[PDB]
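Asks: Take a look and give me a structure for this.
(chains A and B, ligands or ions: 2)
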Number of protein chains: 2
Amino acid sequence: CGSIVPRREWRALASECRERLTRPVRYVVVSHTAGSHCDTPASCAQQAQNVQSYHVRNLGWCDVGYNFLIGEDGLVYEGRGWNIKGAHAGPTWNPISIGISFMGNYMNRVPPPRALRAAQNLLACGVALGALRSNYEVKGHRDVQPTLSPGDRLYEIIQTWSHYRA
Amino acid sequence: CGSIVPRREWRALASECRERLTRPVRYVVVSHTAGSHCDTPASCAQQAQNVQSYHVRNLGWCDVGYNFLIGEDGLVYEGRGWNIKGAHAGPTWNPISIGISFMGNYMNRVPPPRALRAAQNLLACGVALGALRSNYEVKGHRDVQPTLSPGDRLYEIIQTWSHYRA
Ligand SMILES: CCCCCCC(=O)O
Ligand code: NA
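Replies: Numbers count the residues shown, from 1 in each chain, chains lettered A, B, ... in the order given. Ligands and ions are numbered 1, 2, ... in the order given. Here you go, the structure:
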């Protein structure tokens, strides 16, 4: 639960986000970035920077929209974290969910087991902290918004998860 | 609790080790491999293979001697794990300790924060599982055996840890 790459370590611009989530949060929404893939701590720190740059500079958002990002390096990158409302699943789901995004496009490829392990351990951590309900529900991005996110291959994997609910 | 690269994923030779540790284990001994470092899941899986090869083929040991290895990629590699007696700290400490080894030489270098985080969260996981006592003690390799292990720079860092006792 303490094995998250913190904001400063991936050279994140400072957050301007103020809106808080109400703990414990019932929902996890799993997205993909549909961005470049990365499989080294060096390449994934850069990728998290690029995603945040797009969201802050181009979209004018207070921070990277996701609560956490997942690298194919098997590390979790701190986004808005447990306590700050994300921008990842639209205005109905953002206030009542944690958004975790796998960095890449998983339409025609899977994240490696280390990426999946990182995500599953992140969610266990959320329960332990009281950030997530013990009985949290995992949704695919496409289950709550019109998108291919989180990609067909990754979507089929999260459908098998104990906490998945269509 | 927590995330770990399992034996099969780093292509480990099958273990022949049978001798069990008595849970909960009171002591953690921190070593270095004094070997080549690695900072990618690909390079660290190979490094764990190389360390195990040395221990099994050359030293004739039943498995890699460490209970867990720590990569500069920020991942933990499963060694003998929580339940099997290691070969890392000699015949007095092996039966009463978990041996975790940072892959590299930390005489004139520190492990990156992600490596240190991985190790600290591995130990929290051990407590959560009942593998380690809640009041476990961290020892440097050099505190229980005549060696420079775990290297001057890493030794100075583990001296600052909550559970460290010389
Ligand atoms: C606040 C909860 C921390 C629990 C300790 C085990 C963990 O690393 O998740
Ligand atoms: Na002491």
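Asks: for residue A:4, which residues make a bridge with it?
Replies: For residue A:4, the beta-bridge partners under DSSP bridges are residue A:76.
Asks: my guess is it meets residue A:118, correct?
Replies: No. Using Cβ atoms under 8 Å, residue A:4 is not in contact with residue A:118, being 9.2 Å away. The way it works is simple: take the backbone N, C-alpha and C, and place the C-beta from them, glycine included.
Asks: Of the two, which one has the most company?
Replies: Between residue A:4 and residue A:118, residue A:118 has the larger neighbour count (other Cβ atoms under 10 Å in any protein chain shown), namely 26 against 21.
Asks: ok but the more buried one is inside a helix, no?
Replies: Yes. The assignment for residue A:118 by DSSP: H, G, I helix; E, B strand; the rest coil puts it in a helix.
Asks: Please tell me I have it right and it contacts residue A:69.
Replies: No. Assessed by Cβ under 8 Å, residue A:118 is found out of contact with residue A:69, at 10.1 Å.
Asks: shared neighbours, these two?
Replies: Common contact partners of residue A:118 and residue A:69 (Cβ atoms under 8 Å, 6 or more residues apart in numbering or on different chains): residue A:76.
Asks: Need the overlap of contacts for residue A:4 and residue A:118.
Replies: residue A:76.
Asks: who in chain A is up against chain B?
Replies: A:1-5, A:9, A:39-42, A:73-75, A:112-114, A:117-118, A:120-121, A:124 (Cβ under 8 Å from any Cβ of the partner chain).
Asks: If we use 6 Å, what do you get?
Replies: Within chain A, the positions adjacent to chain B are A:2-3, A:40, A:74-75, A:117-118, A:121 by Cβ under 6 Å from any Cβ of the partner chain.
Asks: which residues sit in contact with residue A:51?
Replies: Going by Cβ atoms under 6 Å, 6 or more residues apart in numbering or on different chains, residue A:51 touches A:33, A:35, A:64.
Asks: Please, which helix or strand holds the residue nearest to residue A:134 when sequence neighbours are not counted?
Replies: Ranked by Cβ to Cβ, 6 or more residues apart in numbering or on different chains and with sequence neighbours excluded, the top spatial neighbour of residue A:134 is residue A:127, at 5.5 Å. Residue A:127 is located in helix A:113-129, with elements delineated by DSSP states H and E.
Asks: for that helix, packing partners?
Replies: Judged by 3 or more Cβ pairs under 6 Å, 6 or more residues apart in numbering or on different chains; DSSP states H and E, helix A:113-129 is in contact with strand A:68-70.
Asks: got the contact list for the strand it packs on?
Replies: Residues outside strand A:68-70 that contact it (Cβ under 6 Å, 6+ apart) are A:48, A:76-77, A:79, A:100-103, A:115, A:118-119, A:122.
Asks: If we use 7 Å, what do you get?
Replies: Here strand A:68-70 makes contact (Cβ atoms under 7 Å, 6 or more residues apart in numbering or on different chains) with A:48, A:51, A:76-79, A:100-103, A:111, A:115, A:118-119, A:122.
Asks: Taking those, tell me the two that lie furthest apart.
Replies: A:78 and A:111 (18.4 Å; Cβ to Cβ).
Asks: These two - which one has more neighbours?
Replies: residue A:111 (25 against 20).
Asks: can you list contacts of the helix holding residue A:127?
Replies: Here helix A:113-129 has contacts from A:1, A:28, A:68, A:70-72, A:74-76, A:82, A:98, A:100, A:102, A:132, A:134, A:136, A:157, B:2-3, B:5, B:9, B:41, B:75, using Cβ under 7 Å, 6+ apart.
Asks: Beyond it, next helix or strand please.
Replies: Where DSSP H and E defines the elements, the next helix or strand beyond helix A:113-129 is strand A:132-140.
Asks: is any part of that next one close to ligand 1?
Replies: No. Judged by Cβ under 6 Å from any ligand atom, strand A:132-140 makes no contact with ligand 1; its nearest approach is 12.0 Å.
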